[PDB]
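S.K.: This is the structure, below, for whatever I ask next.
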Amino acid sequence: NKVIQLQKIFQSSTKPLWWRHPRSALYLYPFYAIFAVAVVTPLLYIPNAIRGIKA
Amino acid sequence: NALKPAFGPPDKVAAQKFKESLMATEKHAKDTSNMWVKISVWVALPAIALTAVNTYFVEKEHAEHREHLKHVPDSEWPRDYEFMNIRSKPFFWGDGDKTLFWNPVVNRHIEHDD
Amino acid sequence: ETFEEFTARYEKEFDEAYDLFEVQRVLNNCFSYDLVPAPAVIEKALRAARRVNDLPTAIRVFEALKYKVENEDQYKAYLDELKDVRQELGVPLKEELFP
Amino acid sequence: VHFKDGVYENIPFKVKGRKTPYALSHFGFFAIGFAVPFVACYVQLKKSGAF
Amino acid sequence: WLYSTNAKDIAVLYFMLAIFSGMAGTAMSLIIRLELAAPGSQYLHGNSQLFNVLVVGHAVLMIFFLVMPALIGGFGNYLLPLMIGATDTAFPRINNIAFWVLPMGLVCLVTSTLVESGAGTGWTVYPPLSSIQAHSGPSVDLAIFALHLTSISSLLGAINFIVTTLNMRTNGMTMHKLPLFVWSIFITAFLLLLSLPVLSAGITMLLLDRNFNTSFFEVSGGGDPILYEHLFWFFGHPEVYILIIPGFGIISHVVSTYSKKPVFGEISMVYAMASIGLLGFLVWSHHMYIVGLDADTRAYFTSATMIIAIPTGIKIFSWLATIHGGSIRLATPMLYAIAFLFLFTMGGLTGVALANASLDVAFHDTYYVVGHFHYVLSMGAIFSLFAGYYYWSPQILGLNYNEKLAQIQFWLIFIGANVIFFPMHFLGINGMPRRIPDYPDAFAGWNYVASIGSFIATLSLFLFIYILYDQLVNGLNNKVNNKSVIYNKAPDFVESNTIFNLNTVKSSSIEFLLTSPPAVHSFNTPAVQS
Amino acid sequence: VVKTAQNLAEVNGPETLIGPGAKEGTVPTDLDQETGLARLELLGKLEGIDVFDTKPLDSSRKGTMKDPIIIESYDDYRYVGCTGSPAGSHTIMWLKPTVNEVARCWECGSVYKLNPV
Amino acid sequence: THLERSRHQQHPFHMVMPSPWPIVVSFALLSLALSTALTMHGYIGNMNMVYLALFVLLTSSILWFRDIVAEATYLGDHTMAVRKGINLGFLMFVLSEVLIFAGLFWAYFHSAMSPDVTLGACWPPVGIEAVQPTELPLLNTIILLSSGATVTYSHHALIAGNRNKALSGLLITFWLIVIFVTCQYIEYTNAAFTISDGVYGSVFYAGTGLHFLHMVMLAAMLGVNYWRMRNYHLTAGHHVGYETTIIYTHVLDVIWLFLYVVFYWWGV
Ligand code: HEA
Ligand code: HEA
Ligand SMILES: CCCCCCCCCCC(=O)OC[C@H](COP(=O)(O)OC[C@H](O)COP(=O)(O)OC[C@@H](COC(=O)CC)OC(=O)CCC)OC(=O)CCCCCCCC
Ligand SMILES: [Cu+2]
Ligand SMILES: [Zn+2]
């Protein structure tokens with residue numbers, strides 16, 4: 001049903017393929033919010049984990 | 001013109017071996033798939049129709065069996081062995097939880113220091 | 001395979017040489033075998049150099065012949081044997097040139 | 001690197017045209033890799049009494 | 001660029017990390033050998049911890065972060081696309097996670113030392129030494145995860161090579177006609193696949209016995225620590241036959257290029273190269289002869305791991321047959337590949353002496369083992385890594401490496417690491433045990449001989465950094481003067497100089513027919529062979 | 001205006017390689033909801049001529065400089081192998097016939113021209 | 001002609017644009033492994049960073065998969081060899097995941113083939129009571145023999161061309177597997193011996209433990225095989241996202257039958 005419809009949109013899109021879905025703008029900025037926290041807070045506790053300060 | 005005559009020779013000998021076999025495999029997608037309808041919904045589903053009710057009745061005699069042990073031990077536990085309960089480095093998501101989900105009908109773990 | 005089938009095969013390929021490339025690529029594998037080539041086939045290794053008008057690929061014949069002769073006694077008898085066809089074409093050797 | 005198969009453009013370095021000399025950024029990648037056990041011999045001795 | 005999925009630019013990131021992990025993997029071995037210079041703890045003050053931490057910190061950077069990502073990642077992601085005839089790998093998007101988990105395999109290991117405990121467990125991480133009652137902190141928790149990230153990179157980094165070789169060849173490239181470097185890694189990829197899931201259960205079970213107290217290995221509960229000695233070593237002996245089979249691929253190309261001759265018995269060299277890989281599976285408890293196995297079980301292995309010396313003799317005597325007749329052009333890859341043929345084979349004679357169950361009972365955990373496995377790791381897998389870099393450095397980077405300065409880097413590696421690892425056979429034949437910060441006073445003899453050499457080899461490695469500086473800055477001004485060697489194949493005796501520049505590269509592989517450096521699309525047409 | 005191809009002959013650009021939409025109730029029947037370059041290989045596979053070549057070079061004759069071996073190239077530098085006049089008689093040697101220069105094959109003696117197309 | 005041939009690709013194998021989800025999954029595997037080793041030793045206080053690490057990883061797989069289905073049905077470099085590339089790339093992959101069972105089968109033959117001294121001289125030992133194979137575990141074998149007769153009843157049915165058997169035949173197989181999760185949830189809630197029950201408690205929730213940790217992804221694999229077949233993504237001549245599901249289950253009959261014969265029949 002949407003397979004030919006999306007094929008007009010995906011082919012000749014001149015976009016990155018992870019921006020080529022029409023339902024993709026909301027898929028990234030909350031995803032970049034959980035990505036901007038899950039790679040610092042496991043590492044920010046490492047100077048807390050050097051002095052014996054645990055929980 | 002120059003340099004653009006044709007791709008190659010259209011011999012049509014490489015055809016009619018892959019195309020007609022797509023209908024032959026379609027036959028093999030028809031009668032072989034109809035060979036399994038006499039054994040999946042006609043044999044195997046009646047086979048579990050006599051097996052699930054065989055296990056619907058033996059489930060209830062064990063569902064009542066757990067109510068005996070969680071009610072009273074009537075003296076104490078039978079003092080389980082040294083390999084059955086181990087608590088070196090107790091668990092981290094809670095305080096002393098055995099796993100993610102565990103009922104005390106089989107996992108009581110009462111300490112016998114004595 | 002044998003010594004004679006070695007001679008008849010490479011004395012044949014020197015005739016359709018037609019170029020400087022197909023002399024040196026055929027003079028190479030006429031010298032890069034286990035055995036030592038006969039003077040019958042090396043006479044067509046100088047006539048091949050005359051057909052292509054190149055002299056140092058005829059001076060390099062007798063220098064490849066000098067290292068791969070395995071005996072100096074088997075070289076001077078081999079040098080004097082080729083002196084009949086080495087004085088027509090005027091091919092010097094590398095020691096006489098003193099380059 | 002997607003395109004421009006030049007001479008220095010298959011390496012993620014910036015060899016020529018750098019603002020700073022390259023020996024700063026080349027020895028400074030390989031001596032820093034040499035000085036990581038010498039900080040494992042620092043924060044584990046100073047923690048454990050030695051110096 | 002960071003996340004480009006081109007297989008060429010991934011393998012230059014592989015090689016950019018295998019020297020950074022190299023200059024960390026040998027700076028730890030510097031301090032290890034500095035402490036064995038004299039009896040009494042000299043530089044480490046009195047700490048016998050941070051010495052079983054540095055030994056495991058060094059022995060896993062050398063195995064899993066130097067020789068694994070270079071001979072499989074640094075070359076296999078560059079040459080197996082190129083020599084076979086592919087444009088890039090068959091699975092190019094997972095080709096980028098196979099590199100980018102390796103710095104995440106480093107943050108999971110350098111932080112495993114900086115935490116309060118330090119994983120003093122040794123490279124063979126044994127269960128009751130690494131149990132939670134013995135090792136308490138989160139030190140060994142991260143050391144059993146950095147070994148898992150590399151276990152999962154080099155696992156999908158070998159699924160990337162079975163469905164590259166089996167279908168993505170050229171027209172005439174039949175299954176009997178491939179370069180031997182591809183048959184190295186394609187045989188290796190059938191050992192990386194069939195030994196790493198064995199390892200991944202043998203480490204996760206130790207994780208379960210440390211914070212989930214499941215007692216796979218805990219003695220209070222009947223869990224053996226001797227199950228670990230056959231389950232880790234079921235991975236362990238194929239792992240050390242994976243650091244040497246791509247080492248057997250580079251040497252088979254170098255020794256038959258710098259000798260103008262095809263390799264002796266090419267069909268004999270591909271059947272005796274999977275037979276090493278297949279029969280290497282069936283010998284995995286020769287490490288554990290003394291651990292209390294049966295009198296017939298040890299009688300089987302003392303006859304079965306000697307048969308690994310049957311196909312390795314074929315793969316050496318043919319390298320002494322492929323250079324007998326031909327010329328010899330003694331450049332730097334030929335110097336390494338001809339000292340590989342003397343120091344690896346002396347690490348093979350010490351192999352069959354250790355291979356017996358009747359003789360390992362006076363040699364286990366001594367320094368005679370460390371004399372044996374360093375003649376086949378720093379002399380059989382660095383002698384084929386230096387002979388693979390120098391053999392493909394100006395072809396791939398485009399710049400020549402000051403050949404007059406790479407000869408002095410060979411000799412300072414040859415005699416400056418033979419001085420370390422040859423007297424180790426004497427300290428071990430007396431019975432000096434391993435992993436010890438101090439020793440009895442009679443073992444101060446050769447341990448000062450082997451301490452003077454670790455500054456020799458790691459002065460050559462400081463020189464090798466300068467060769468990498470001379471190759472990138474004015475590495476273009478090397479092939480226009482008389483600094484380097486340009487043509488790795490000098491022409492024949494009757495090949496004229498003016499005809500050589502028409503037909504220059506007489507290679508047997510595509511790797512030199514490409515440009516220097518190769519293009520970002522070096523294959524945009526299906527090439528043909530014979 | 002931009003129609004479909006439904007034959008190997010007409011391509012005339014990349015926008016004409018798609019197929020037509022199928023109605024609900026039946027599956028895609030391998031010719032309707034196709035994609036493009038996969039459909040392009042299938043459209044060639046629908047006919048009797050392969051789009052890509054799996055066949056060695058014509059290694060029967062040697063090939064002199066007056067009579068060279070012509071390869072069906074599609075760019076400037078199509079690499080070739082040279083394994084013999086019986087295609088098995090000597091060690092391989094890889095070549096690169098470039099634009100209007102020939103690869104000469106020092107061992108076997110075969111001459112190749114480009115035919116750049 | 002040649003002008004369109006100079007506008008297309010000349011080799012059948014696929015070339016992919018540079019995607020950044022390679023380093024996204026790599027950053028998740030760091031924050032999985034680093035954070036699962038911190039909360040075992042403190043430094044955080046709460047056990048939800050691992051729950052975060054199971055969320056950022058799995059949404060990174062479907063964003064990886066959203067670009068792949070954009071290549072599967074919307075860009076399409078899937079030729080015959082590239083179809084054979086993944087179909088051999090996955091058939092050779094499950095040789096690794098059937099050998100990890102030999103890293104768990106061989107522990108069961110390490111504590112029962114030779115009797116030990118810390119336990120009893122019998123396997124399973126005293127104090128530990130095992131479930132007979134003539135009980136609800138025998139339902140677990142027949143429900144997969146019925147699964148092995150409906151995954152091929154709907155394999156050829158999708159190629160057959162009719163959607164009445166192809167669409168509905170995969171919804172009845174999907175709920176045949178979620179119902180298999182709940183009967184392996186009974187022994188995770190009603191069996192006597194636990195995970196910490198010695199060596200019998202170790203390997204029994206490992207050999208059957210990893211067999212439970214694959215149905216969470218197999219039912220998640222049916223979760224897109226029904227969504228794509230309803231959104232008309234999958235085809236009847238080219239199906240990779242449907243073919244990897246059948247070989248995920250046709251080998252599962254072999255490993256569960258080898259799991260049933262030694263854990264339950266030989267395990268009493
Ligand atoms: C890949 C394997 C590898 C390599 C190369 C080395 C290399 C070296 N190792 Fe190590 N070592 C091990 C693996 C390795 N080792 C293992 C497994 C153990 C046992 C641990 C345990 O079981 O307890 C061990 C243990 C070990 C011990 C302790 C012995 C014992 O307790 O068992 C010592 C001490 O002498 C030692 C020293 C050295 C030295 C001086 C080198 C020198 O060769 C290093 C200096 C030489 C170089 C200069 C070349 C290497 C440098 C590079 C960067 C590579 C070049 C490559 C590229 C750049 C292209 N090693
Ligand atoms: C990385 C490469 C590598 C290679 C190739 C080998 C190859 C071999 N290894 Fe070694 N080995 C290691 C690395 C390697 N090993 C490591 C890292 C350890 C453990 C250290 C640790 O635990 O920390 C180890 C441990 C180890 C042990 C355990 C000792 C102990 O811990 O108690 C034993 C004993 O059986 C052994 C034997 C062998 C044998 C027989 C070979 C054979 O494959 C080699 C045979 C080769 C030849 C023999 C030479 C060439 C052939 C000939 C010229 C012709 C045939 C020969 C004759 C007829 C004599 N190895
Ligand atoms: C963490 C990273 C740290 C890296 C530090 C590593 C340092 C290693 C440096 C090695 C080096 O740079 O040497 C290369 C340099 C250039 O050489 P080239 O290849 O261009 O050819 C030159 C031409 O062909 C022959 O050079 P020539 O023969 O004319 O000169 C004689 C030269 C030879 O003697 C020696 O090599 C040892 C002293 O002696 C001297 O110059 C003495 C002058 C005081 O040759 C030299 O001139 C070296 C001079 C001495 C430098 C100090 C030596 C310390 C051991
Ligand atoms: Cu071994
Ligand atoms: Zn030839």
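For the structure tokens, the naming scheme is as follows: chains receive sequential letters (A, B, ...) according to their order of presentation, residues are indexed from 1 within each chain, and ligands are indexed from 1 in presentation order.
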Can you tell me which residues surround segment 9-13 of chain C at a distance of at most 12 Å, considering only C-alpha atoms, apart from same-chain residues fewer than 6 positions away, and format the answer as a PyMOL selection string?
M.R.: (chain C and resi 1-3+22-31+33+37-48) or (chain F and resi 109)
S.K.: Give the residues close to ligand 5, within 10 Å, counting only C-alpha atoms and all ligand atoms; write them as number ranges by chain.
M.R.: E: 530; F: 59, 62, 81-85, 87-95, 104-111
S.K.: Would you output that residue set with N, CA and C atoms, as a tab-separated table (two decimals), in the first residue's frame?
M.R.:
```tsv
chain	number	residue	atom	x	y	z
E	530	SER	N	42.60	-15.13	-15.78
E	530	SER	CA	42.83	-16.26	-16.69
E	530	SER	C	41.66	-16.74	-17.54
F	59	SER	N	41.15	-16.96	-23.05
F	59	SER	CA	42.51	-17.42	-22.85
F	59	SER	C	42.92	-18.53	-23.81
F	62	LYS	N	47.05	-16.89	-27.93
F	62	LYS	CA	48.09	-16.17	-27.21
F	62	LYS	C	47.90	-14.66	-27.35
F	81	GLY	N	44.02	-11.32	-15.68
F	81	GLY	CA	44.94	-12.40	-15.35
F	81	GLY	C	45.41	-13.05	-16.63
F	82	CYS	N	46.41	-13.93	-16.56
F	82	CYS	CA	47.09	-14.33	-17.78
F	82	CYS	C	47.50	-15.80	-17.77
F	83	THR	N	46.73	-16.65	-17.08
F	83	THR	CA	47.18	-17.97	-16.65
F	83	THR	C	47.55	-18.98	-17.73
F	84	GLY	N	47.46	-18.62	-19.01
F	84	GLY	CA	48.07	-19.42	-20.05
F	84	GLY	C	47.28	-19.55	-21.33
F	85	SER	N	47.92	-20.08	-22.38
F	85	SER	CA	47.18	-20.45	-23.58
F	85	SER	C	46.35	-21.72	-23.37
F	87	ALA	N	45.36	-21.88	-20.28
F	87	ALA	CA	44.84	-21.20	-19.08
F	87	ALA	C	45.30	-21.84	-17.77
F	88	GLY	N	46.30	-22.71	-17.80
F	88	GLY	CA	46.78	-23.30	-16.57
F	88	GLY	C	48.27	-23.58	-16.57
F	89	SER	N	48.99	-23.03	-17.54
F	89	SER	CA	50.32	-23.53	-17.86
F	89	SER	C	51.45	-22.75	-17.20
F	90	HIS	N	51.16	-21.68	-16.46
F	90	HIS	CA	52.22	-20.89	-15.85
F	90	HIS	C	51.65	-20.12	-14.66
F	91	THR	N	52.55	-19.49	-13.92
F	91	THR	CA	52.18	-18.67	-12.77
F	91	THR	C	51.40	-17.45	-13.25
F	92	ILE	N	50.42	-17.03	-12.44
F	92	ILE	CA	49.59	-15.89	-12.77
F	92	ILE	C	50.43	-14.61	-12.74
F	93	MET	N	49.99	-13.61	-13.49
F	93	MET	CA	50.59	-12.28	-13.45
F	93	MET	C	49.50	-11.27	-13.77
F	94	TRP	N	49.29	-10.33	-12.87
F	94	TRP	CA	48.20	-9.40	-13.03
F	94	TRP	C	48.66	-8.19	-13.81
F	95	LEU	N	47.75	-7.63	-14.60
F	95	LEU	CA	48.08	-6.61	-15.58
F	95	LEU	C	47.11	-5.45	-15.44
F	104	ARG	N	51.56	-6.19	-21.59
F	104	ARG	CA	52.37	-7.03	-22.44
F	104	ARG	C	52.68	-8.41	-21.89
F	105	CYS	N	52.51	-8.65	-20.58
F	105	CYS	CA	52.57	-9.98	-19.95
F	105	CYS	C	53.93	-10.66	-20.17
F	106	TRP	N	54.92	-10.16	-19.42
F	106	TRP	CA	56.33	-10.56	-19.54
F	106	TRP	C	56.56	-12.06	-19.54
F	107	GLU	N	55.78	-12.82	-18.78
F	107	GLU	CA	56.05	-14.26	-18.72
F	107	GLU	C	55.42	-14.99	-19.90
F	108	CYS	N	54.11	-14.83	-20.10
F	108	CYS	CA	53.43	-15.62	-21.11
F	108	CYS	C	53.58	-15.05	-22.51
F	109	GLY	N	53.56	-13.73	-22.65
F	109	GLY	CA	53.66	-13.10	-23.95
F	109	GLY	C	52.36	-12.68	-24.58
F	110	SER	N	51.31	-12.48	-23.79
F	110	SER	CA	50.02	-12.07	-24.32
F	110	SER	C	49.89	-10.56	-24.30
F	111	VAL	N	49.27	-10.02	-25.34
F	111	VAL	CA	49.08	-8.58	-25.48
F	111	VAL	C	47.59	-8.29	-25.38
```
S.K.: Could you check the closest approach to residue 212 of chain E for each of G:91, G:195, G:37, G:15 and tell me which residue wins, using only C-alpha atoms?
M.R.: G:195
S.K.: Select residues of chain F: the criterion is any atom within 7 Å of an atom of chain G, counting only C-alpha atoms; output as JSON, numbers by chain.
M.R.: {"F": [11, 12, 13, 25, 26, 27, 28, 29, 30, 35, 36, 37, 38, 41, 52]}
S.K.: Would you mind exporting N, CA and C atoms of the selected residues as a compact mmCIF listing (two decimals), in the first residue's frame?
M.R.:
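The resulting file, out_39.txt, is shown below:
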```
# COMPACT_ATOMS: atom_id res chain seq x y z
N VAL F 11 15.43 1.70 -20.71
CA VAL F 11 15.77 2.14 -19.37
C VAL F 11 15.57 3.65 -19.31
N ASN F 12 16.37 4.38 -20.09
CA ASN F 12 16.27 5.84 -20.29
C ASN F 12 16.33 6.64 -18.99
N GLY F 13 17.03 6.12 -17.98
CA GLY F 13 17.16 6.81 -16.72
C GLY F 13 16.77 5.95 -15.53
N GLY F 25 -5.33 -7.61 -0.82
CA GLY F 25 -5.89 -8.94 -0.93
C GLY F 25 -4.97 -9.98 -1.52
N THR F 26 -3.96 -9.56 -2.28
CA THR F 26 -2.98 -10.48 -2.83
C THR F 26 -1.58 -9.97 -2.50
N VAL F 27 -0.61 -10.87 -2.59
CA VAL F 27 0.77 -10.56 -2.22
C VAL F 27 1.43 -9.86 -3.40
N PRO F 28 2.58 -9.20 -3.22
CA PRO F 28 3.40 -8.82 -4.38
C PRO F 28 3.91 -10.06 -5.10
N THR F 29 3.69 -10.09 -6.42
CA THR F 29 4.00 -11.24 -7.25
C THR F 29 5.32 -11.09 -7.99
N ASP F 30 6.34 -10.50 -7.34
CA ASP F 30 7.75 -10.45 -7.75
C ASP F 30 7.96 -9.53 -8.96
N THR F 35 11.85 -2.79 -6.74
CA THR F 35 12.61 -1.73 -6.09
C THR F 35 13.45 -0.87 -7.03
N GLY F 36 13.99 -1.41 -8.11
CA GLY F 36 15.05 -0.68 -8.79
C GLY F 36 16.19 -1.53 -9.30
N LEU F 37 17.38 -1.37 -8.71
CA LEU F 37 18.55 -2.13 -9.18
C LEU F 37 18.38 -3.63 -8.94
N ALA F 38 17.63 -4.02 -7.91
CA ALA F 38 17.23 -5.41 -7.78
C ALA F 38 16.25 -5.80 -8.88
N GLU F 41 18.36 -6.08 -12.16
CA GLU F 41 18.95 -7.40 -12.32
C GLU F 41 17.89 -8.43 -12.65
N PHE F 52 25.54 -8.96 -15.60
CA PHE F 52 26.92 -9.00 -15.13
C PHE F 52 27.58 -10.29 -15.60
```
S.K.: Set the cut-off to 7 Å and count only C-alpha atoms: what are the residues of chain G that reach chain E? Output as a ChimeraX atom specification.
M.R.: /G:10-11,18-20,22-23,26,30,33-34,37-38,40-41,81,85,88-89,93,96,99-100,103,118-119,195-196,198-199,202
S.K.: Write the residues of the preceding selection, restricted to N, CA, C and O atoms, as a tab-separated table (two decimals), in the first residue's frame.
M.R.:
```
chain	number	residue	atom	x	y	z
G	10	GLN	N	27.92	-1.54	-12.07
G	10	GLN	CA	28.40	-2.62	-12.93
G	10	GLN	C	28.75	-3.89	-12.16
G	10	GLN	O	29.19	-4.86	-12.78
G	11	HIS	N	28.60	-3.90	-10.84
G	11	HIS	CA	28.81	-5.10	-10.06
G	11	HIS	C	27.60	-5.34	-9.18
G	11	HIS	O	26.98	-4.37	-8.71
G	18	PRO	N	27.59	6.11	4.30
G	18	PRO	CA	28.09	6.13	5.68
G	18	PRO	C	27.01	6.45	6.70
G	18	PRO	O	26.51	7.57	6.76
G	19	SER	N	26.64	5.45	7.50
G	19	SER	CA	25.66	5.53	8.56
G	19	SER	C	26.34	5.73	9.91
G	19	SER	O	27.44	5.21	10.13
G	20	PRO	N	25.74	6.49	10.83
G	20	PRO	CA	26.36	6.72	12.14
G	20	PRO	C	25.92	5.77	13.24
G	20	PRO	O	26.51	5.81	14.33
G	22	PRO	N	26.59	2.62	13.36
G	22	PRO	CA	27.81	1.95	13.83
G	22	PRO	C	28.40	2.46	15.14
G	22	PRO	O	28.68	1.64	16.02
G	23	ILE	N	28.60	3.76	15.33
G	23	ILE	CA	29.16	4.21	16.60
G	23	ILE	C	28.09	4.43	17.66
G	23	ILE	O	28.43	4.69	18.83
G	26	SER	N	27.99	0.99	19.34
G	26	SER	CA	29.26	0.85	20.06
G	26	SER	C	29.24	1.62	21.37
G	26	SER	O	29.78	1.16	22.38
G	30	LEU	N	29.34	0.06	25.35
G	30	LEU	CA	30.15	0.57	26.45
G	30	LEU	C	29.29	0.79	27.68
G	30	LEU	O	29.59	0.28	28.76
G	33	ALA	N	28.17	-2.53	29.33
G	33	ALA	CA	29.16	-3.30	30.08
G	33	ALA	C	29.76	-2.50	31.23
G	33	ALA	O	30.05	-3.08	32.28
G	34	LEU	N	29.95	-1.19	31.06
G	34	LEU	CA	30.50	-0.40	32.16
G	34	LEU	C	29.49	-0.23	33.28
G	34	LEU	O	29.83	-0.37	34.46
G	37	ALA	N	28.62	-3.32	35.55
G	37	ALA	CA	29.65	-3.67	36.51
G	37	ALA	C	29.81	-2.64	37.61
G	37	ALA	O	30.54	-2.89	38.57
G	38	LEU	N	29.14	-1.50	37.50
G	38	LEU	CA	29.18	-0.51	38.57
G	38	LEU	C	28.13	-0.80	39.63
G	38	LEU	O	28.44	-0.85	40.83
G	40	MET	N	26.73	-3.52	40.42
G	40	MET	CA	27.08	-4.69	41.21
G	40	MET	C	27.99	-4.34	42.37
G	40	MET	O	28.12	-5.14	43.31
G	41	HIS	N	28.64	-3.17	42.33
G	41	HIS	CA	29.59	-2.76	43.36
G	41	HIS	C	29.26	-1.39	43.93
G	41	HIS	O	30.10	-0.79	44.61
G	81	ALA	N	23.38	-12.85	-5.76
G	81	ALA	CA	24.52	-13.13	-4.90
G	81	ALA	C	24.40	-12.45	-3.55
G	81	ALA	O	24.76	-13.03	-2.52
G	85	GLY	N	24.35	-13.82	-0.08
G	85	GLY	CA	25.34	-13.36	0.89
G	85	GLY	C	24.80	-13.36	2.31
G	85	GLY	O	25.47	-13.84	3.24
G	88	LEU	N	23.73	-17.05	3.43
G	88	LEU	CA	24.86	-17.80	3.96
G	88	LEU	C	25.53	-17.08	5.12
G	88	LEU	O	26.16	-17.74	5.95
G	89	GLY	N	25.40	-15.76	5.21
G	89	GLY	CA	25.92	-15.03	6.35
G	89	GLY	C	25.16	-15.27	7.63
G	89	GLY	O	25.71	-15.06	8.71
G	93	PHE	N	26.17	-18.07	10.67
G	93	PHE	CA	26.17	-17.42	11.97
G	93	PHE	C	25.60	-18.33	13.05
G	93	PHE	O	26.10	-18.34	14.18
G	96	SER	N	27.64	-20.56	15.11
G	96	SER	CA	28.27	-20.06	16.33
G	96	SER	C	27.32	-20.14	17.52
G	96	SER	O	27.75	-20.48	18.62
G	99	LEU	N	27.08	-23.56	18.88
G	99	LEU	CA	28.28	-24.00	19.58
G	99	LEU	C	28.39	-23.40	20.97
G	99	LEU	O	29.08	-23.96	21.83
G	100	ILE	N	27.70	-22.28	21.23
G	100	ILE	CA	27.66	-21.73	22.58
G	100	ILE	C	26.84	-22.63	23.50
G	100	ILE	O	27.06	-22.64	24.71
G	103	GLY	N	29.21	-24.91	24.94
G	103	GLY	CA	29.79	-24.32	26.13
G	103	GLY	C	28.91	-24.42	27.35
G	103	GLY	O	29.33	-24.03	28.44
G	118	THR	N	31.42	-33.23	46.59
G	118	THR	CA	30.72	-32.20	47.35
G	118	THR	C	29.22	-32.42	47.30
G	118	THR	O	28.51	-32.12	48.26
G	119	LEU	N	28.72	-32.95	46.19
G	119	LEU	CA	27.33	-33.35	46.07
G	119	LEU	C	27.22	-34.81	46.50
G	119	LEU	O	28.14	-35.38	47.09
G	195	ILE	N	18.43	-20.79	40.81
G	195	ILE	CA	19.67	-20.53	40.08
G	195	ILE	C	20.89	-20.76	40.98
G	195	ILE	O	21.93	-21.23	40.51
G	196	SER	N	20.76	-20.52	42.28
G	196	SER	CA	21.85	-20.68	43.23
G	196	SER	C	21.83	-22.05	43.91
G	196	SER	O	22.35	-22.18	45.02
G	198	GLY	N	23.47	-24.80	43.74
G	198	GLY	CA	24.65	-25.60	43.44
G	198	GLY	C	24.92	-25.72	41.95
G	198	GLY	O	24.55	-24.87	41.14
G	199	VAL	N	25.58	-26.83	41.59
G	199	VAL	CA	25.91	-27.08	40.20
G	199	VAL	C	24.71	-27.59	39.40
G	199	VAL	O	24.62	-27.33	38.20
G	202	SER	N	22.96	-24.47	38.73
G	202	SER	CA	23.70	-23.59	37.83
G	202	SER	C	23.36	-23.90	36.37
G	202	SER	O	22.82	-23.05	35.66
```
S.K.: Residues at most 9 Å from ligand 4, using only C-alpha atoms and all ligand atoms? Could they come as a PyMOL selection string?
M.R.: chain E and resi 233+236-241+280+283-287+305+351+355
S.K.: Just checking: using only C-alpha atoms, which residue out of A:36, A:44, A:28, A:3 ends up closest to chain G?
M.R.: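 When distances to chain G are compared using only C-alpha atoms, the smallest one comes from A:3.
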S.K.: Write out as a short mmCIF file (atom, residue, chain, number, x, y, z; two decimals) with N, CA, C and O atoms, in the first residue's frame which residues come within 10 Å of residue 49 of chain D when counting only C-alpha atoms, dropping same-chain ones fewer than 3 positions away.
M.R.:
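As written to disk, result05.cif reads:
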```cif
data_model
loop_
_atom_site.label_atom_id
_atom_site.label_comp_id
_atom_site.auth_asym_id
_atom_site.auth_seq_id
_atom_site.Cartn_x
_atom_site.Cartn_y
_atom_site.Cartn_z
N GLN D 44 47.62 4.16 41.54
CA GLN D 44 47.50 2.92 42.29
C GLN D 44 48.59 2.75 43.33
O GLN D 44 48.45 1.90 44.21
N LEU D 45 49.66 3.54 43.26
CA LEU D 45 50.64 3.56 44.34
C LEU D 45 50.26 4.60 45.39
O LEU D 45 50.31 4.32 46.59
N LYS D 46 49.89 5.80 44.94
CA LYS D 46 49.49 6.87 45.85
C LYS D 46 48.23 6.52 46.62
O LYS D 46 48.05 6.95 47.76
N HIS E 45 57.36 -0.15 44.90
CA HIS E 45 58.04 0.02 46.18
C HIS E 45 58.03 -1.27 46.99
O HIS E 45 59.08 -1.83 47.30
N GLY E 46 56.85 -1.77 47.32
CA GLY E 46 56.75 -3.06 47.97
C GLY E 46 55.51 -3.79 47.51
O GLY E 46 55.05 -4.73 48.16
N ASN E 47 54.97 -3.37 46.37
CA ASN E 47 53.63 -3.74 45.96
C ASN E 47 53.69 -4.95 45.03
O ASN E 47 54.16 -4.84 43.90
#
```
